[PDB]
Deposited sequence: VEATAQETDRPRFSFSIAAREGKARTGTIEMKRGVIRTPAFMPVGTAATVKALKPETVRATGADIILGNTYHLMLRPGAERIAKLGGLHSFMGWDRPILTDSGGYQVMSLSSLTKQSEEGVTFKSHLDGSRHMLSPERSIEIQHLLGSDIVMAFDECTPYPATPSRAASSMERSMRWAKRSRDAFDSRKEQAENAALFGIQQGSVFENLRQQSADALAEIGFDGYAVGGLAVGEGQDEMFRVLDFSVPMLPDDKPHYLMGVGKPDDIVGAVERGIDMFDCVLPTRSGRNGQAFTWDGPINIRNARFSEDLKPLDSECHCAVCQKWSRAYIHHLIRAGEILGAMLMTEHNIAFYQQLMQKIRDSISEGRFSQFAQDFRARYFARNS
């Protein structure tokens, strides 16, 4: 199979649908990547993750570089082998996580640099390597975003050279650059230009899903995404409320990752086509209906709201498992519905039908 080959099969407006062919599998785009932060998609076996329809999962160098550690994962045969997932894994570069969770050379925390970042993701056996960037604090001044963006672009080229330096990783993996510039269009252009000049396999929009709200997020996507190379995937990092995803696809985004389905799943929130439900609610205690009346997932085929209600209220691990599986399943069905409606050129109507029922 190819190392990295992105093919757009259909379009509608700025929305695209296609595939990314990678050595470890095909990624159907627009793609939702379940997040597997500690070398697990929480409360799901990889197989279950796969059955929900995910093509690729997201991992973080920051978390794994600490536990169990990058060299150790390498010694253990790589992340894929370690967690039992043999399909593409996208590893975040460590830039956002060192921020929220914890110089020119890089970042010291309790050192992550572009070179080490790439080296770690290589150690992990990452298929898609994220340039190591400086996630832009939001809000931030024009001047601040600018300098923060430009460090990121300098780090982008360093990322590029480190990656290109490692034959094995260059041959088998993909490197995505990350656009920064905050909400500022000219900064966003500057950054897209620098990234394009360097050249990457894919272009992420970083700096969003920073509490800017959907409106301002979409506003930025509106100008930011068309500045990226059309022929490469566009990855909106960390975005995934169902309606965020729809509106970002409408704006040219092909890839998504979000802790929302999993985490909200464990907390009682079930996504349905009629909007999320909180299954803990007493109203579900004798509700024999499945979580969602349409959902094809194993959970909706087998268990009632009443049972899951019971389960979540009792803190039962099976509650978390069922909710999470349903929710990832839901997310994947939405992506599938998005892919098919784009390839059928009715994505517009989907989005409106979706929004209409969901809200």
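* Asked: So which bits of the deposited sequence did not make it into the model?
  -> Deposited residues absent from the model fall in 1-9, 112-116, 125-132, 382-385.
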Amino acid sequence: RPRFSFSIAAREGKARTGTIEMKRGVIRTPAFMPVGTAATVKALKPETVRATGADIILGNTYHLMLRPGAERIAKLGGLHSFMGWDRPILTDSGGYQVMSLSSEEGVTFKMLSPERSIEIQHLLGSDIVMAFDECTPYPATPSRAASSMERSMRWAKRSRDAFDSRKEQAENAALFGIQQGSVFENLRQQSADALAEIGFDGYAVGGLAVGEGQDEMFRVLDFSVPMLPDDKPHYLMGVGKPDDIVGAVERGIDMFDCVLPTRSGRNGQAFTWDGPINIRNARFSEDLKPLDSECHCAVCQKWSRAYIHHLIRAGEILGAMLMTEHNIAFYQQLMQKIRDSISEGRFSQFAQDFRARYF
From here on, numbers count along this sequence of modelled residues.
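C-alpha atoms forming the largest set that superposes within 1.5 Å between two forms make up the rigid core.
* Stretch with larger C-alpha RMS deviation in 6 other deposited structures of this protein, core superposed, 280-288 versus 158-166 -> With the rigid core fitted, 280-288 is the stretch that strays more in 6 other deposited structures of this protein.
* So if we fit everything on the core, which stretch drifts more in 6 other deposited structures of this protein, 194-202 or 137-145, C-alphas only? -> Between the two stretches, 137-145 moves farther in 6 other deposited structures of this protein.
* Asked: Looking across the other entries that model both neighbours, is residue 44 missing in at least a third?
  -> Per the records, residue 44 goes unmodelled in at least a third of the other entries.
* To do: Indicate yes or no: is residue 266 absent from the model in at least a third of the other PDB entries of this protein that were compared?
  => Residue 266: unmodelled in at least a third of the other compared entries.
* 73-81 versus 137-145 - greater average Cα B-factor per the deposited record -> Higher mean C-alpha B-factor: 137-145.
* Using only the Cα atoms and their B-factors as the entry lists them, report which of 293-301 and 42-50 averages higher. => Comparing averages over the C-alpha atoms only gives 293-301.
* To do: Kindly indicate the residue among 276, 268, 261, 206 with the greatest C-alpha B-factor in the PDB record.
  => Comparing C-alpha B-factors across 276, 268, 261, 206, the maximum falls on 268.
* Which one of 172, 152, 93, 285 shows the top CA temperature factor in the record? -> When the deposited C-alpha B-factors of 172, 152, 93, 285 are compared, 93 is largest.
* Asked: Considering only modelled residues of the same chain, in which third does the CA B-factor of residue 6 rank: lowest, middle or highest?
  -> Its C-alpha B-factor, which the entry lists for residue 6, ranks in the middle third among residues of this chain.
* To do: Could you tell me which third, lowest, middle or highest, the C-alpha B-factor of residue 19 occupies within its chain?
  => Answer is middle: the recorded C-alpha B-factor places it there.
* Against its chain's modelled residues, does residue 243's Cα B factor rank lowest, middle or highest third? -> Residue 243: CA B-factor falls in the middle third of its chain.
* Asked: What third of its chain's C-alpha B-factors does residue 161 belong to: lowest, middle or highest?
  -> For residue 161, whose C-alpha B-factor we compare with every modelled residue in the chain, the answer is the middle third.
* Asked: Going by the entry, which third of its chain does the Cα temperature factor of residue 254 land in?
  -> For residue 254, the deposited C-alpha B-factor lands in the lowest third.
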